[PDB]
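# give me the fold of what follows.
(one chain, ligands or ions: 1)
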Amino acid sequence: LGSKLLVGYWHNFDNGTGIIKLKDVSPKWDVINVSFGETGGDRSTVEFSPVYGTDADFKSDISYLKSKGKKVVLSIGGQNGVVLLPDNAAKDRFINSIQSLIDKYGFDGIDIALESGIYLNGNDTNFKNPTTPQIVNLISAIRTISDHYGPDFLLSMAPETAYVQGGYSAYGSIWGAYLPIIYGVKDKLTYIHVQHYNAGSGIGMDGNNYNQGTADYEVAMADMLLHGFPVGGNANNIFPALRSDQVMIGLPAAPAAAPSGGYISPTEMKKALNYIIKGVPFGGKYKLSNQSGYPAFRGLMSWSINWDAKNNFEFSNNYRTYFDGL
Ligand SMILES: CC(=O)N[C@@H]1[C@@H](O)[C@H](O[C@@H]2O[C@H](CO)[C@@H](O)[C@H](O)[C@H]2NC(C)=O)[C@@H](CO)O[C@H]1O
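Residues are numbered from 1 along each chain as shown. Shown next is the structure:
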């Protein structure tokens, strides 16, 4: 896996942006997050059927991309990615179904983008030792699956900001609810790409409020993971920094890709990237936690490959060229 990645969600469906067959995806994407594995009535057995092709043909397309150095990852989430793991029985159905699908299509990894049931129950106060069954069981399943395929297996996750950076403000309900998941699988985690969009505004470690879709916002939100931060107003409860190579930023490929806002122009985003990666500032209000940057910062995720293709490949062309230039 490369040191500066473009990770792109791939629609296993037509939402008006059309279907792009796997071999027609721009080679500028390093990782393709197939969207999505879904569940039926038991909210635990994951299912996936390709939107085009026989199973063999789809598997063959995946193999082709893999032969070209690309990674093809199964993403679990979306409106039908309702996953509830209230007990071990549910956990096992989830583990077994996911392994079956990985084995069947030859996916390179899994992407966890599910928020169903993700709440810290009352009393679940320690991110290093979670007690909420959904959280404990999800961690256990992810570890089990990861162990099944080893360190070449790719593990990513794509929570919204309230679940991660939100932990700076509160720890309970959804607030900080992905922190125990991140901590619980940090030794297996390839990268996390929080969704920096449909997000309104966020509070940085400087205690300042920043608006989504601005350079300062992207730096402030990423810095929480690059540096670590105190949780829930508790100076003695510090969530530790991830490795820089585990930190990515998730962005909309086009304005319409995130109808509630969050799109940032490449011109502005490159300012944020230069600051995060090299420690070169751009006159923004936010001060990076490290003087001279986080060189191993892993790159950008986008919703989505399909939206990007409809927007004249603005995202893929701009950021591939930016990263190649480093
Ligand atoms: C990984 C993830 O959570 N992806 C989010 C997308 O689900 C979401 O896009 C929407 O996905 C629905 C399926 O779950 C589609 O029915 C819907 O058409 C689609 N909307 C758009 C604008 O493409 C986007 C919404 O901005 O957020 C992603 O992060």
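# which non-adjacent residue is nearest the residue in the chain positioned nearest to the ligand?
In the chain, the residue that lies nearest the ligand is residue 78 (2.9 Å; CB to the nearest ligand atom). To be clear about C-beta, it is placed using only N, CA and C from the backbone, and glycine gets the same treatment. Distances taken as CB to CB, 6 or more residues apart in numbering place residue 36 nearest to residue 78, at 4.0 Å, with adjacent residues excluded.
# can you classify that neighbour by secondary structure?
strand (DSSP: H, G, I helix; E, B strand; the rest coil).
# residue contacts, it?
Going by CB atoms under 8 Å, 6 or more residues apart in numbering, residue 36 touches 12, 48, 75, 76, 77, 78, 80, 81, 113.
# touching, the second one and residue 102? I think so.
No. With contact defined as CB atoms under 8 Å, residue 48 does not reach residue 102; the gap is 10.0 Å.
# shared neighbours of those two, anything?
residue 74.
# gap between residue 120 and residue 66?
The spacing between residue 120 and residue 66, counted by CB to CB, to the nearest Å, is 38 Å.
# looking at these two, which has the bigger crowd around it?
More neighbours surround residue 120 than the other of residue 120 and residue 66, with 26 against 14 (other CB atoms under 10 Å).
# still on that earlier bit, buried subset of the contacts of residue 36, written for ChimeraX?
Under the burial definition 16 or more other CB atoms under 10 Å, those of those that qualify are selected in ChimeraX by:
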select :12,48,75,76,77,78,81,113
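# narrow the contacts of residue 36 to those in strands?
Mapping the contacts of residue 36 onto strands (DSSP state E) picks out 75, 76, 77, 113.
# list the residues that contact the third one.
Shown in contact with residue 77 (CB under 8 Å, 6+ apart): 35, 36, 111, 112, 113, 114, 115, 158.
# any idea what it is bridged to?
Judged by DSSP bridges, the bridge partners of residue 77 are residue 113.
# what is the burial count for residue 314?
Residue 314 - counted by other CB under 10 Å - has 15 other residues nearby.
# for the one 5 residues further on, same thing?
Under the neighbour criterion other CB under 10 Å, residue 319 is assigned a count of 24.
# so which other helices or strands are in contact with the strand or helix carrying it?
Assigned by DSSP states H and E, residue 319 belongs to helix 314-324. Helix 314-324 sits against strand 5-11, helix 266-278, strand 299-303, helix 305-310, with contacts defined as 3 or more CB pairs under 8 Å, 6 or more residues apart in numbering; DSSP states H and E.
# dump these into CSV; add distance to residue 254 and mean neighbour count as well.
CSV is the format used below for these (distance: least, CB to CB, whole Å; neighbours: other CB atoms under 10 Å):
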stretch, distance to residue 254, mean neighbour count
strand 5-11, 13, 25
helix 266-278, 11, 20
strand 299-303, 9, 26
helix 305-310, 5, 24
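# got these as CSV, with distance to residue 17 columns?
Converted to CSV, the helices and strands packed on helix 314-324 look like this (distance: least, CB to CB, whole Å):
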stretch, distance to residue 17
strand 5-11, 7
helix 266-278, 20
strand 299-303, 11
helix 305-310, 4
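# what backbone torsions are found at the most centrally placed residue in the chain?
Residue closest to the mean C-alpha point of the chain, counted by CA atoms, centre = their mean, is residue 158 at 2.7 Å. Dihedral pair for residue 158: phi -140, psi 60, per degrees, to the nearest 10.
# now it: closest residue in space, sequence neighbours ignored.
Nearest residue to residue 158, sequence neighbours excluded (CB to CB, 6+ apart): residue 113, at 4.2 Å.
# re the thing from before, could I get the helices and strands packed on helix 314-324 as TSV with distance to the ligand?
Output for those, formatted as TSV (distance: least, CB to the nearest ligand atom, whole Å):
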stretch	distance to the ligand
strand 5-11	6
helix 266-278	17
strand 299-303	4
helix 305-310	6
